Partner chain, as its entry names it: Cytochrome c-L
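Form deposited without its partner chain, single chain, as structure tokens, below.
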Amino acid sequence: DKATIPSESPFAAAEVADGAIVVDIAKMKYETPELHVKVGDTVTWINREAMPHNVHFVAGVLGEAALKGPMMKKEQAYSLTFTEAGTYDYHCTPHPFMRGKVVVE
């Protein structure tokens, strides 16, 4: 796959790793909708609002299968470690008007 998943479960915002590249989610938006990172970086989304959100990459984007991330409650977080350069678009499953991308370069 083009990204690995350190934790299939969401985890607490306080449990975010040093060195992770954080994208906050608030006001029904990914606060960094176009994030540029390097191969090997871990991106961590942190939900800062009451409304639950996830990240969802359709099949073929991060690998053969779709990656439908777990729903994050407020102050929960979720990581992906990107292993291959490319452009990886995602959306929020319940809120598909929320769109973002990670550009690994």
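Residues that one form lacks are left out of the comparison. Residue numbers count along the first chain shown, from 1. So that the term is clear: the rigid core is the largest set of C-alpha atoms that superpose within 1.5 Å between two forms.
Just so you know, the form deposited with its partner chain bound exists too; it's not on screen, but the next bit is about it.
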Answer for residue 35 alone: is it within 4.5 Å of its partner chain in the deposited complex, judged on heavy atom distances?
yes
Looking in the deposited complex, any heavy atom of residue 26 within 4.5 Å of its partner chain?
yes
Taking 2 Å as the cut-off, check whether the CA of residue 96 shifts that much or more between the shown form and the other one after a rigid core fit.
no
Post core alignment: residue 22 C-alpha displaced by 2 Å or more between the shown form and the other one:
no
Superposing on the core, what residue ranges of at least 3 consecutive positions move by 2 angstroms or more in Cα between the shown form and the other one?
17-20
